[PDB]
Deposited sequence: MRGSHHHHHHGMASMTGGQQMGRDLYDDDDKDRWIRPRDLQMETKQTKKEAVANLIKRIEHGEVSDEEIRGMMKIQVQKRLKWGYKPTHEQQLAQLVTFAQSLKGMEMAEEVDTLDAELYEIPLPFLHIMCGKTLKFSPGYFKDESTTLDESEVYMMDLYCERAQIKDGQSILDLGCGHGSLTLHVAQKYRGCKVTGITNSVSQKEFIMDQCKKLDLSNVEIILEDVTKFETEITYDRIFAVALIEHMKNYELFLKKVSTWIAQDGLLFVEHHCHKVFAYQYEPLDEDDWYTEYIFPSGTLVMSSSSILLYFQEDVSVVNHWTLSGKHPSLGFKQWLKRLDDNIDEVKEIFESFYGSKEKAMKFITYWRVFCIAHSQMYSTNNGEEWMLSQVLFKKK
């Protein structure tokens, strides 16, 4: 309730937001797990059917210099692969993206489509590693597209096209040898309408690669458990879907699964720790950026606080049980 403003204040230590989050982790686990497999399964199946009763996505801008501080060279807004705790944020971005390339079976000369390309992390990585490829990225953000185009000029890249559109409404009669959808489906609800649409963009014998945060076992809409659930109200003021690792297996009407992998929650957990450290290491430069963009020192402090809590809360949540609760799922599809 009034709990947050005390922290916008700076009144509980990290250690105690960490402790609040563990309480919410456990209450979500208690809610989600069932005494028998018959129930566990019935609840996932029932949950998938209800997703087919929704819209594809809710019908609903971070300053670039702040992202240059928090994210890493590549402006990758999504997890890295950490071989160690000694892996740097920026090695982790590159590692995870080569992992994508290997699992999606990217080859030089393929046409490639990057749905929700953001600041072009993967779009620029693919385009530089395979100059024979023609890479098309889709974003609904003019700021992101002009930034990416600015990098293409800089690095001297001529194999990159950026279409400005809502993926939800994008229509084309061009098909692509490979399609990427990394951390997009977190923004979707009717997985069935989304995969149906994307499937018509897949070329003959093409592949769609999808990566999504998930719980290992159960799925759910972000809506408070208790009266005491601050974290959903605060982190997510516009409801969205935390998927489960296996839930896209139930959405194979227009695409078929070729391969399926998961990665431990330690990877996003580590990533979020690096985001928090870089934030706090440059905290003064961050306050200046936020004052300029948001117009006041108070509203700036509100956003710095939001981001620290986001990183703190989610680093803890994904570390749960050595990363074996919330985690990453990767799915390779072909058409039809």
### Message
From the N-terminus onward, what segments of the deposited sequence lack any C-alpha atom in this model?
### Response
1-52, 113-120, 298
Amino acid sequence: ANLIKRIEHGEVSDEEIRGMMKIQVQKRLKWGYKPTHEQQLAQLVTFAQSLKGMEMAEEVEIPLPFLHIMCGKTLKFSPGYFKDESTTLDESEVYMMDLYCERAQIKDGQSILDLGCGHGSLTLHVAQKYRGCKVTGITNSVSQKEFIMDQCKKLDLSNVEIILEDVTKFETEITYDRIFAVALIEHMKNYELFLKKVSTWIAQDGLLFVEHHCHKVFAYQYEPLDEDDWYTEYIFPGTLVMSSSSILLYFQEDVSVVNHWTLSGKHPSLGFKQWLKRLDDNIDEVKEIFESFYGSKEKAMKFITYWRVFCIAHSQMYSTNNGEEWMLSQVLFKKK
From here on, numbers count along this sequence of modelled residues.
### Query
When the other PDB entries of this protein are compared, is residue 91 left blank in at least a third of them?
no
### Query
Is it true that residue 60 has no coordinates in a third or more of the other entries in the comparison?
yes
### Query
Got a sec? Mean C-alpha B-factor, which is higher, 242-250 or 86-94?
86-94
### Task
Report the stretch with the higher mean CA temperature factor, choosing between 222-230 and 122-130 on the basis of the entry.
222-230
#### Entry: 236, 209, 194, 176, ranked by C-alpha B-factor: the highest one
236
#### Entry: Top residue by Cα temperature factor, when 108, 114, 171, 102 are compared in the entry
171
### Task
State the tercile, meaning the lowest, middle or highest third, of residue 46 with respect to the CA B-factors recorded for its chain.
lowest
### Task
Rank-wise, by C-alpha B-factor, drop residue 257 into the lowest, middle or highest third of its chain.
lowest
## Note on the structure
residue 183: CA temperature factor from the record, placed by chain third, in the middle
### Query
Comparing residue 299 with the other modelled residues of its chain, is its CA B-factor in the lowest, middle or highest third?
highest
### Summary
Entry-reported C-alpha B-factor of residue 155 relative to its chain, by third, is highest
